[PDB]
Amino acid sequence: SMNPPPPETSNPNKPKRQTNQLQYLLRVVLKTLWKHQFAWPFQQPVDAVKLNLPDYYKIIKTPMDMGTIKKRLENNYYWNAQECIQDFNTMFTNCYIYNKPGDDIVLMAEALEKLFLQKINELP
Ligand SMILES: COc1ccccc1S(=O)(=O)Nc1ccc2c(c1)CN(C)C(=O)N2
Ligand code: NA
């Protein structure tokens with residue numbers, strides 16, 4: 001039932017880059033998912049305590065969320081767009097691993113993932 005430390009959004013010895021694809025990821029891909037009606041459960045690390053998911057971090061070993069991704073993009077944390085896309089991917093996959101098909105949270109993820117894949121297709 002306890003919360004690990006959240007994923008790092010800074011790392012001084014990690015090599016950083018600003019690519020036009022990273023800037024799109026923040027301006028278009030994240031900005032869009034963030035405003036969606038189903039974004040709220042993914043805007044911060046899962047709080048296993050408040051949300052009574054005491055098995056969450058017993059099951060999910062690579063947690064990720066949009067609050068973390070957003071800060072990482074804001075902190076120029078990534079080397080390339082693929083690293084960032086990978087964090088979105090981890091976020092979705094965790095949801096599908098942890099919860100059951102037909103859970104409301106799964107239908108939420110599923111709608112953001114459809115939207116995500118549509119906005120990523122238009123990646124410059
Ligand atoms: C039943 O609780 C919920 C159902 C749908 C959406 C959100 C909630 S909750 O925020 O009250 N609790 C919740 C319940 C389950 C999850 C999560 C949150 C977050 N998450 C990423 C996950 O994978 N499972
Ligand atoms: Na650098």
# chains A, B, ... in the order shown; residues from 1 in each chain; ligands from 1
>>> residues_near_ligand(ligand="ligand 1", cutoff="10 Å", atoms="only C-alpha atoms and all ligand atoms", output="PyMOL selection string")
chain A and resi 38-48+50-53+56+60+63-65+91-100+103-109
>>> residues_near_ligand(ligand="ligand 2", cutoff="8 Å", atoms="only C-alpha atoms and all ligand atoms", output="list in words")
residues 14, 15, 16 and 17 of chain A
>>> closest_residue(among="A:31, A:120, A:5, A:10", to="residue 82 (chain A)", atoms="only C-alpha atoms")
A:120
>>> residues_around(residues="residue 124 (chain A)", least_positions_apart="4", cutoff="9 Å", atoms="only C-alpha atoms", output="ChimeraX atom specification")
/A:20-21,24,120
>>> residues_around(residues="region 34-37 of chain A", least_positions_apart="5", cutoff="10 Å", atoms="only C-alpha atoms", output="list in words")
residues 28, 29, 42, 43, 66, 67, 70, 108, 111, 112 and 115 of chain A
>>> write_last_selection(atoms="C-alpha atoms", output="compact mmCIF listing (two decimals), in the first residue's frame")
# COMPACT_ATOMS: atom_id res chain seq x y z
CA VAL A 28 0.81 18.73 -29.77
CA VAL A 29 0.92 15.17 -28.40
CA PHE A 42 -2.75 9.71 -15.84
CA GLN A 43 -1.71 13.32 -14.90
CA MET A 66 1.88 12.12 -18.11
CA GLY A 67 2.77 14.40 -15.23
CA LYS A 70 5.30 16.51 -19.22
CA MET A 108 -9.95 5.70 -20.42
CA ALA A 111 -9.25 6.32 -25.71
CA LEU A 112 -6.08 8.26 -24.98
CA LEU A 115 -5.81 9.56 -29.74
>>> select_by_dssp(residues="chain A", states="helix (DSSP H, G or I)", output="ChimeraX atom specification")
/A:20-35,40-42,56-59,66-74,81-98,104-121
>>> write_last_selection(atoms="C-alpha atoms", output="mmCIF file, in the first residue's frame")
data_model
loop_
_atom_site.group_PDB
_atom_site.id
_atom_site.type_symbol
_atom_site.label_atom_id
_atom_site.label_comp_id
_atom_site.auth_asym_id
_atom_site.auth_seq_id
_atom_site.Cartn_x
_atom_site.Cartn_y
_atom_site.Cartn_z
ATOM 1 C CA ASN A 20 11.644 19.313 -33.514
ATOM 2 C CA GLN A 21 9.948 15.962 -32.854
ATOM 3 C CA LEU A 22 10.335 16.461 -29.079
ATOM 4 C CA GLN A 23 8.869 19.934 -29.320
ATOM 5 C CA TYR A 24 5.828 18.473 -31.245
ATOM 6 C CA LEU A 25 5.496 15.800 -28.525
ATOM 7 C CA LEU A 26 5.033 18.561 -25.954
ATOM 8 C CA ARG A 27 3.128 21.186 -28.010
ATOM 9 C CA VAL A 28 0.807 18.732 -29.771
ATOM 10 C CA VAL A 29 0.924 15.174 -28.395
ATOM 11 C CA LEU A 30 1.037 15.905 -24.628
ATOM 12 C CA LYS A 31 -0.939 19.208 -24.714
ATOM 13 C CA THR A 32 -3.754 17.299 -26.488
ATOM 14 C CA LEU A 33 -3.871 14.190 -24.235
ATOM 15 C CA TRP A 34 -3.608 16.426 -21.143
ATOM 16 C CA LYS A 35 -6.850 18.361 -21.938
ATOM 17 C CA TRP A 40 -6.956 13.014 -15.021
ATOM 18 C CA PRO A 41 -5.932 9.513 -13.711
ATOM 19 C CA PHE A 42 -2.753 9.706 -15.842
ATOM 20 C CA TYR A 56 -0.276 -1.360 -7.728
ATOM 21 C CA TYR A 57 3.491 -1.103 -7.201
ATOM 22 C CA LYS A 58 3.723 -4.790 -6.353
ATOM 23 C CA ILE A 59 2.637 -5.449 -9.986
ATOM 24 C CA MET A 66 1.878 12.115 -18.108
ATOM 25 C CA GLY A 67 2.773 14.405 -15.233
ATOM 26 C CA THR A 68 6.261 12.784 -15.331
ATOM 27 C CA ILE A 69 6.458 12.892 -19.154
ATOM 28 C CA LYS A 70 5.297 16.508 -19.221
ATOM 29 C CA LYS A 71 8.008 17.610 -16.748
ATOM 30 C CA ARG A 72 10.638 15.544 -18.603
ATOM 31 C CA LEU A 73 9.689 17.309 -21.872
ATOM 32 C CA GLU A 74 9.668 20.651 -20.000
ATOM 33 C CA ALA A 81 11.359 11.378 -29.549
ATOM 34 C CA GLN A 82 11.515 7.622 -29.356
ATOM 35 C CA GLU A 83 12.531 7.851 -25.647
ATOM 36 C CA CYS A 84 9.515 9.994 -24.952
ATOM 37 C CA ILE A 85 7.141 7.787 -27.053
ATOM 38 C CA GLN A 86 8.445 4.863 -25.085
ATOM 39 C CA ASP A 87 7.305 6.536 -21.814
ATOM 40 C CA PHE A 88 3.787 7.022 -23.200
ATOM 41 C CA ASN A 89 3.865 3.351 -24.289
ATOM 42 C CA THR A 90 4.925 2.197 -20.800
ATOM 43 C CA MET A 91 2.098 4.281 -19.338
ATOM 44 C CA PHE A 92 -0.550 2.506 -21.508
ATOM 45 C CA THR A 93 0.895 -0.971 -21.114
ATOM 46 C CA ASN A 94 0.974 -0.661 -17.320
ATOM 47 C CA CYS A 95 -2.742 0.223 -17.373
ATOM 48 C CA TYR A 96 -3.535 -2.886 -19.543
ATOM 49 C CA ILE A 97 -1.334 -5.112 -17.374
ATOM 50 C CA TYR A 98 -2.688 -3.935 -13.996
ATOM 51 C CA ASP A 104 -13.390 2.121 -16.739
ATOM 52 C CA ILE A 105 -9.725 3.051 -16.329
ATOM 53 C CA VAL A 106 -8.863 0.630 -19.242
ATOM 54 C CA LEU A 107 -11.523 2.398 -21.432
ATOM 55 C CA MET A 108 -9.948 5.695 -20.424
ATOM 56 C CA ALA A 109 -6.408 4.511 -21.399
ATOM 57 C CA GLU A 110 -7.791 2.956 -24.622
ATOM 58 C CA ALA A 111 -9.245 6.320 -25.712
ATOM 59 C CA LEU A 112 -6.082 8.257 -24.979
ATOM 60 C CA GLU A 113 -4.053 5.543 -26.773
ATOM 61 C CA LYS A 114 -6.211 5.848 -29.877
ATOM 62 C CA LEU A 115 -5.810 9.556 -29.742
ATOM 63 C CA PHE A 116 -2.084 9.266 -29.089
ATOM 64 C CA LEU A 117 -1.486 6.943 -32.103
ATOM 65 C CA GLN A 118 -3.445 9.402 -34.322
ATOM 66 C CA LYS A 119 -1.298 12.385 -33.168
ATOM 67 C CA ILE A 120 1.945 10.374 -33.443
ATOM 68 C CA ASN A 121 1.154 9.387 -37.047
#
>>> closest_residue(among="A:4, A:19, A:13, A:80", to="residue 62 (chain A)", atoms="only C-alpha atoms")
A:4
